[PDB]
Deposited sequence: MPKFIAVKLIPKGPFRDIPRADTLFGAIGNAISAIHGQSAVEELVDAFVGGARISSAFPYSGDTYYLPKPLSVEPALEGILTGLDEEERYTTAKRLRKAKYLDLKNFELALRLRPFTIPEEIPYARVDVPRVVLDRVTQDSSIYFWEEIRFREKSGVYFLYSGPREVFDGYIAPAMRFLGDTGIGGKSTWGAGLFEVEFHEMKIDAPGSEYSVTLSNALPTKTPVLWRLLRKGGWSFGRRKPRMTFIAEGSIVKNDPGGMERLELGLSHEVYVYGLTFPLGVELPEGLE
């Protein structure tokens, strides 16, 4: 399908590449500060109603990266000293570029990125006994940063997502682009978002936050995921986003 890519152009280091649950968190929060809980309730309605956001992924210049579907890991058997070696780099790769992501979905041969346009950096400081602690920062290469996908009505985007994201930039600037992802029709899907599943999935990595999510790249069969309202005593009800961002995916019979 086609989507709106929200490019976060960074004005300094980030602390995390945010996944869908924290992007929804921040967006929901911003909308509360701007239009009140009335508007938070409408944002939730639009998402439950079919709207979706992905987790944030790297971009470099005009290159968009997407999560490597876990579907290809069992399929990698599709030399003797080249299979094992490449096979261990396919298993280690977190991201493919758009073109290679679309090939992986159809179980066709694809290549891995050689560079990732960011670097996780553990910065050390002595804590006066003395100990050493680390704060991780994401330094972006030049004309690089992070983007997420929006799927749904333009009026929900213009009225909630766009204004939320500018408020959130206040550190980053925001620009919007059309992105087309060619995906095969299939009973099975990849999520571009972390998700609270309603069924047991096909293939998955777990993600503990306390909440148990399946990771971006996990494979589901007709799992739309779900949101959780819950009470932490902190005035407003808090909504937790765990809806799936499905793209169709060809599986090998295993």
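- In this entry, the deposited residues absent from the coordinate set span 1, 80-84, 135-139, 182-193, 233-242, 288-289.
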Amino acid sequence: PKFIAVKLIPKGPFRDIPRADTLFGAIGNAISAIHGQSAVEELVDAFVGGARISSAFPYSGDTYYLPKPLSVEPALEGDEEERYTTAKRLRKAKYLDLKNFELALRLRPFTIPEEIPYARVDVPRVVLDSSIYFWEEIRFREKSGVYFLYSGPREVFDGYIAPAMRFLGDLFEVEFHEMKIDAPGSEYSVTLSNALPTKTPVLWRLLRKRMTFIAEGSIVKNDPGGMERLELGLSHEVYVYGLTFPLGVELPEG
From here on, numbers count along this sequence of modelled residues.
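Basically, rigid core = biggest C-alpha set you can superpose within 1.5 Å across the two forms.
- Between 134-142 and 90-98, the larger root mean square Cα shift in 6 other deposited structures of this protein, once each structure is superposed on the rigid core, falls on 134-142.
- Notably, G242 is never a gap: all other compared entries of this protein, restricted to those modelling both its neighbours, have coordinates for it, so the one-third criterion is not met.
- In at least a third of the other compared PDB entries of this protein that cover both flanking sides, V127 is left without coordinates.
- When the C-alpha B-factors of 171-179 and 79-87 are averaged, 79-87 comes out higher.
- Here the stretch with the larger average CA B-factor, out of 150-158 and 137-145, is 137-145.
- Among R52, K221, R205, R229, the highest C-alpha B-factor recorded in the PDB entry belongs to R229.
- Highest CA B-factor among the listed residues (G242, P246, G12, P18): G12.
- Split the chain's modelled residues into thirds by C-alpha temperature factor. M211 is in the highest one.
- Annotation for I34: C-alpha temperature factor in the highest third relative to the rest of the modelled chain, per the entry.
- Ranked against the other modelled residues of its chain, the C-alpha B-factor of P201 as given in the entry falls in the lowest third.
- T191: CA B factor in the lowest third of modelled residues in this chain (values from the PDB entry).
- Split the chain's modelled residues into thirds by C-alpha temperature factor. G185 is in the middle one.
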